[PDB]
Ligand SMILES: *[C@@H]1O[C@H](CO[C@@H]2O[C@@H](C)[C@@H](O)[C@@H](O)[C@@H]2O)[C@@H](O[C@@H]2O[C@H](CO)[C@@H](O[C@@H]3O[C@H](CO[C@H]4O[C@H](CO)[C@@H](O)[C@H](O)[C@@H]4O)[C@@H](O)[C@H](O[C@H]4O[C@H](CO)[C@@H](O)[C@H](O)[C@@H]4O)[C@@H]3O)[C@H](O)[C@H]2NC(C)=O)[C@H](O)[C@H]1NC(C)=O
Ligand SMILES: *[C@@H]1O[C@H](CO[C@@H]2O[C@@H](C)[C@@H](O)[C@@H](O)[C@@H]2O)[C@@H](O[C@@H]2O[C@H](CO)[C@@H](O[C@@H]3O[C@H](CO[C@H]4O[C@H](CO)[C@@H](O)[C@H](O)[C@@H]4O)[C@@H](O)[C@H](O[C@H]4O[C@H](CO)[C@@H](O)[C@H](O)[C@@H]4O)[C@@H]3O)[C@H](O)[C@H]2NC(C)=O)[C@H](O)[C@H]1NC(C)=O
Ligand SMILES: *[C@@H]1O[C@H](CO)[C@@H](O[C@@H]2O[C@H](CO)[C@@H](O[C@@H]3O[C@H](CO[C@H]4O[C@H](CO)[C@@H](O)[C@H](O)[C@@H]4O)[C@@H](O)[C@H](O[C@H]4O[C@H](CO)[C@@H](O)[C@H](O)[C@@H]4O)[C@@H]3O)[C@H](O)[C@H]2NC(C)=O)[C@H](O)[C@H]1NC(C)=O
Ligand SMILES: *[C@@H]1O[C@H](CO)[C@@H](O[C@@H]2O[C@H](CO)[C@@H](O[C@@H]3O[C@H](CO[C@H]4O[C@H](CO)[C@@H](O)[C@H](O)[C@@H]4O)[C@@H](O)[C@H](O[C@H]4O[C@H](CO)[C@@H](O)[C@H](O)[C@@H]4O)[C@@H]3O)[C@H](O)[C@H]2NC(C)=O)[C@H](O)[C@H]1NC(C)=O
Ligand SMILES: *[C@@H]1O[C@H](CO)[C@@H](O[C@@H]2O[C@H](CO)[C@@H](O[C@@H]3O[C@H](CO[C@H]4O[C@H](CO)[C@@H](O)[C@H](O)[C@@H]4O)[C@@H](O)[C@H](O[C@H]4O[C@H](CO)[C@@H](O)[C@H](O)[C@@H]4O)[C@@H]3O)[C@H](O)[C@H]2NC(C)=O)[C@H](O)[C@H]1NC(C)=O
Ligand SMILES: *[C@@H]1O[C@H](CO)[C@@H](O[C@@H]2O[C@H](CO)[C@@H](O[C@@H]3O[C@H](CO[C@H]4O[C@H](CO)[C@@H](O)[C@H](O)[C@@H]4O)[C@@H](O)[C@H](O[C@H]4O[C@H](CO)[C@@H](O)[C@H](O)[C@@H]4O)[C@@H]3O)[C@H](O)[C@H]2NC(C)=O)[C@H](O)[C@H]1NC(C)=O
Ligand SMILES: *[C@@H]1O[C@H](CO)[C@@H](O[C@@H]2O[C@H](CO)[C@@H](O[C@@H]3O[C@H](CO)[C@@H](O)[C@H](O)[C@@H]3O)[C@H](O)[C@H]2NC(C)=O)[C@H](O)[C@H]1NC(C)=O
Ligand SMILES: *[C@@H]1O[C@H](CO)[C@@H](O[C@@H]2O[C@H](CO)[C@@H](O[C@@H]3O[C@H](CO)[C@@H](O)[C@H](O)[C@@H]3O)[C@H](O)[C@H]2NC(C)=O)[C@H](O)[C@H]1NC(C)=O
Ligand SMILES: *[C@@H]1O[C@H](CO)[C@@H](O)[C@H](O)[C@H]1NC(C)=O
Ligand SMILES: *[C@@H]1O[C@H](CO)[C@@H](O)[C@H](O)[C@H]1NC(C)=O
């Protein structure tokens, strides 16, 4: 076309926008205008003369600048978009003598959301009813921002409310039946929105609590009378960390010749036909006490 | 209005026309255009710059001039109208920085007729069937010229044929039962047409022929024997003029003591009891012979 401009542009709230316009005609140029039309009425915006400088109209006076001082780039950046810039703007080029041609660009206003991740309120213990683990918030976005979680470990869901301003807020609530096998999993809501030159992401690790989980190693196949220096450790994974890890013998009695370094159980005396009892360590955290036992047998070969 | 121009103007074929346009705005002016639009396409006509002179477009190049060298009278005379100037022309004023406003004027083409009066072909004798006395011709007028006769002495009538060119010719035939009492009457067709700043008229006198019309004066009440020096003139009005005006006595006989000076009849001898006859002069023209007589009586008192 005689005047080439890109149409259907989109400008971001509060930020600026470059309204490119170029006029490569072997014709000699005498005036250069920009006009936003309110309906059938043409409010002028910017004007460039080769003799009588520039002109910027009220109320655009502060918020428009000419990117090029040449008679050829009608290119202008509109400083600081508001809502009311949503319309059709035409670039009027006056030549001598063809008259004037015009090209239009329709700019739609577009406002960013502001995102937030918020820890769901109830704590996530093991094997309990569905719980809300996290809420992702895309605030006052126009158009409605969009949302998506990457965990495939539970269920998305969202309620979205919209405004007079012709923007909206959606809130995605991520929920799961919590299991300890999901300890420290990365939950992450991505939010995709037109005005996001690169979509924005917010991340989480799951903190699932659970009851203690205990397992004593130490007893290999057979323990023979007089075997010297063998142990039992009360290995246990729990969250929160536990506090109590008492090392009781189920047969109420408890012989000497034992000690409980760390939570290992030492038999610092060589083995006797004593000791022949079912040993049980009992580990306790915020969520309660759990225990495991190893049936200890002392034997002797021919 | 911002730009004041007169609308719905009418331009006369072959002649010129002034397209007035004036732009009294306290705004400073930067370009001045005239554009005839063919449908939705704007062929520029004239352009005025305060720096880079004038411009006249093809093919208007010869036929347009700027009536005012000022930046304020877009007034132009379009030299030599043809048919194809029948349309809407707009005057474009470019200011700095309002942009541009425009006012339109719709010029309809209008061609003069050319008028003629032509003597109807058959001659007008007296008391004959209606005859066509004159034909008035309004030729190739656009729109159809109009016609009217002023004589109230017969009947108008007209046949009007129209053309491709979107002009027409009407021919009014004026007809009457001709009577001699209408000799030398002014018949006149007026032709009224939009393009005639003062309507045009063509005039005629009627030339009605007639048979001769005769009347002898001379005989007063009584003529007495011996009365000295009395005459009879053969007064007669006819058209065409007559040629023969013989002065015969109906009683075949014709005494001496008479003479026919001019067409008076002298009795140069004092009256006798002769002369006592019915005297008749016979007048003859193109249309034939007519006559009148006076019964002459000579008497004598006691
Ligand atoms: C296990 O969790 C189950 C789901 O709970 C979830 O997890 C929690 C932590 C949150 O994250 C929450 O968002 C999750 O949904 C839970 O099962 C649920 O039990 C409750 C009842 O105790 C149900 O709520 C009731 O829902 C009905 C729905 O009625 C219909 O219409 C509504 C629209 O209004 C639709 O949305 C529904 O699909 C239905 O078609 C309500 O009518 C009802 O309202 C009541 O309270 C109002 C108060 O004004 C009264 O006026 C009414 O008369 C009712 O009494 C309840 O809100 C819930 O729907 C149900 N299932 C689900 C899938 O949510 C279960 O309790 C947990 N297991 C336990 C505790 O053992
Ligand atoms: C006295 O003058 C009378 C009128 O003549 C006028 O004066 C002359 C000098 C011219 O200026 C002339 O323009 C004036 O009109 C005259 O009376 C007329 O006599 C003739 C016949 O001798 C009539 O002509 C005939 O008219 C008829 C009309 O028929 C109808 O249709 C036509 C349309 O076609 C209408 O216009 C009429 O109103 C009727 O409704 C014709 O049909 C006819 O055509 C004939 O000739 C063609 C030749 O192809 C044949 O095909 C047909 O068969 C016909 O034979 C005639 O043309 C005339 O109308 C009539 N009256 C008037 C008012 O004109 C009269 O003769 C004179 N007195 C004398 C000579 O003693
Ligand atoms: C879209 O367009 C907008 C604005 O057109 C751009 O954002 C602009 O960013 C500039 C640069 O930061 C802003 O101008 C800055 O103003 C600062 C504040 O001025 C002072 O006012 C008085 C001065 O006495 C005091 O209150 C105080 O000193 C304030 O600072 C200046 O400080 C900045 O000066 C800078 O330049 C000078 C010149 O060398 C340096 O000496 C300084 O170190 C400093 O770098 C500057 O002038 C402007 O206000 C912003 N406009 C806004 C907010 O709308 C966007 O960047 C642009 N967007 C894109 C993507 O292009
Ligand atoms: C179209 O329509 C919607 C709905 O009306 C607008 O959304 C509102 O936007 C404004 C501004 O973004 C929001 O108002 C802000 O509230 C903040 C909350 O402050 C705290 O205290 C409140 C209690 O009242 C708590 O709820 C909250 O958690 C916070 O702890 C204020 O901090 C903001 O004020 C800030 O700016 C001012 C001026 O610069 C400073 O003086 C302050 O110090 C502070 O920094 C502000 O008032 C409002 O909450 C939004 N409503 C929503 C999201 O529902 C959209 O703005 C509008 N869209 C467009 C594009 O204009
Ligand atoms: C609408 O506009 C039209 C034209 O624009 C007007 O009509 C014009 O009338 C002018 C004046 O008569 C015409 O121009 C005249 O041309 C004549 C012919 O030029 C010569 O060409 C060569 C020269 O060597 C020879 O064949 C021969 O000499 C021809 O004459 C000139 O003779 C005229 O000269 C006159 O001015 C000079 C200057 O002083 C005098 O010395 C002379 O004595 C003489 O007066 C003259 O230049 C023009 O052609 C017409 N245009 C046409 C026909 O379209 C209408 O009047 C106007 N209508 C209205 C109502 O405004
Ligand atoms: C739209 O349409 C109509 C219909 O076609 C046009 O009307 C014609 O117009 C032209 C020009 O006016 C007329 O043609 C002229 O004829 C004249 C007649 O000359 C004599 O000889 C003829 C025999 O052929 C006799 O019938 C007649 O009585 C004359 O005795 C010519 O003299 C004209 O030529 C003249 O100009 C040329 C060039 O300048 C010179 O060289 C000559 O010497 C001479 O001066 C001319 O040819 C024609 O008769 C019209 N037809 C009609 C009236 O039915 C309209 O012109 C048109 N309308 C418009 C606005 O353009
Ligand atoms: C205002 O607009 C003009 C014209 O659009 C911009 O012109 C830049 O001018 C330079 C030099 O005149 C052009 O680059 C040339 O590239 C050759 C490489 O062969 C180099 O040798 C020259 O030195 C020169 O750099 C360039 O085409 C042109 N840029 C554009 C986008 O057209 C100018 O940048 C603009 N000014 C401002 C302040 O924005
Ligand atoms: C071109 O257009 C101009 C402006 O329309 C025409 O201006 C004529 O200029 C004269 C003098 O400048 C004006 O008349 C003034 O009248 C007073 C009477 O008080 C007299 O004292 C001055 O000497 C002068 O004559 C007049 O207003 C103006 N005419 C019009 C129609 O506006 C000018 O005539 C045009 N030029 C040509 C060549 O057509
Ligand atoms: C085992 O220890 C107990 C202490 O309760 C002691 O009375 C008993 O004699 C011991 N038995 C053996 C075989 O060492
Ligand atoms: C009248 O004149 C005639 C000539 O024809 C003549 O014979 C006669 O005598 C005259 N009569 C009188 C009274 O004069």
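To match Swiss-Prot, the residue numbers of chain A are left as they are there, and the shown ones run 58-359.
Using N, Cα and C of the backbone, Cβ positions are placed for all residues, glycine too.
In the shown protein chains, 25 other C-beta atoms lie within 10 A of the C-beta of residue A:78 (disulfide bond). Annotation comment: Swiss-Prot describes A:78-A:148 (among others) as disulfide bond.
Look at Swiss-Prot and you will find A:193-A:246 (among others) tagged as disulfide bond, backed by sequence analysis. In the three-state DSSP classification, residue A:193 (disulfide bond) falls within a strand.
Residues annotated as disulfide bond in Swiss-Prot: A:291-A:338 (among others). Within its own chain, residue A:291 (disulfide bond) has A:271, A:273, A:302, A:304, A:320, A:321, A:322, A:338, A:340 as residues 6 or more apart in sequence whose C-beta sits under 8 angstroms from its own. Following the DSSP three-state reduction, the secondary structure of residue A:291 (disulfide bond) is coil.
Under the heading domain 'Ig-like V-type', Swiss-Prot lists A:59-165.
Under the heading domain 'Ig-like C2-type 1', Swiss-Prot lists A:170-258.
Mapped onto DSSP helix, strand and coil, the domain 'Ig-like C2-type 2' (A:269-354) counts 0 helix, 39 strand, 47 coil. Summarising the annotation, Swiss-Prot assigns domain 'Ig-like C2-type 2' to A:269-354.
Annotation for residue A:73 (N-linked glycosylation site): same-chain Cβ neighbours under 8 Å, separated by at least 6 residues, are A:134, A:135, A:136, A:137, A:138. The annotation N-linked glycosylation site is assigned in Swiss-Prot to A:73 (among others) on the grounds of experimental evidence.
Within the same chain, no residue at least six positions away from residue A:83 (N-linked glycosylation site) has a Cβ under 8 Å of its Cβ. The N-linked glycosylation site annotation in Swiss-Prot covers A:83 (among others).
In three-state terms derived from DSSP, residue A:125 (N-linked glycosylation site) belongs to neither a helical nor a strand segment and is classed as coil. Feature annotation from Swiss-Prot assigns N-linked glycosylation site to A:125 (among others).
The feature N-linked glycosylation site is assigned by Swiss-Prot to A:186 (among others). In the three-state DSSP scheme, residue A:186 (N-linked glycosylation site) falls into the coil class.
The number of other CB atoms found within 10 A of the CB of residue A:222 (N-linked glycosylation site), across every protein chain shown, is 10. Sequence annotations record features per position, and here Swiss-Prot assigns N-linked glycosylation site to A:222 (among others) based on experimental evidence.
The local packing around residue A:331 (N-linked glycosylation site), expressed as other Cβ atoms within 10 Å of its Cβ over all shown chains, amounts to 13. Here Swiss-Prot flags A:331 (among others) as N-linked glycosylation site, drawing on experimental evidence.
Take the glycosylation sites A:125, A:186: by the count of other Cβ atoms within 10 Å of each Cβ, the lowest one is A:186. Applying an 8 A CB threshold to same-chain residues 6+ apart, the list for residue A:148 (disulfide bond) reads A:60, A:62, A:76, A:78, A:89, A:90, A:91, A:92, A:131, A:159, A:160, A:162. Only A:331 of the recorded positions listed as A:78, A:148, A:331 bring a Cβ under 6 Å of any atom of ligand 9; the order follows the sequence.
Contact annotation for recorded positions (A:73, A:83, A:125, A:246, A:338) versus ligand 1: none, no CB falling under 6 Å from a ligand atom. In terms of C-alpha distance, the listed glycosylation sites A:186, A:222, A:331 place A:186 closest to residue A:246 (disulfide bond). Nearest Cα neighbour of residue A:125 (N-linked glycosylation site) among the listed recorded positions (A:186, A:193, A:222, A:331): A:222.
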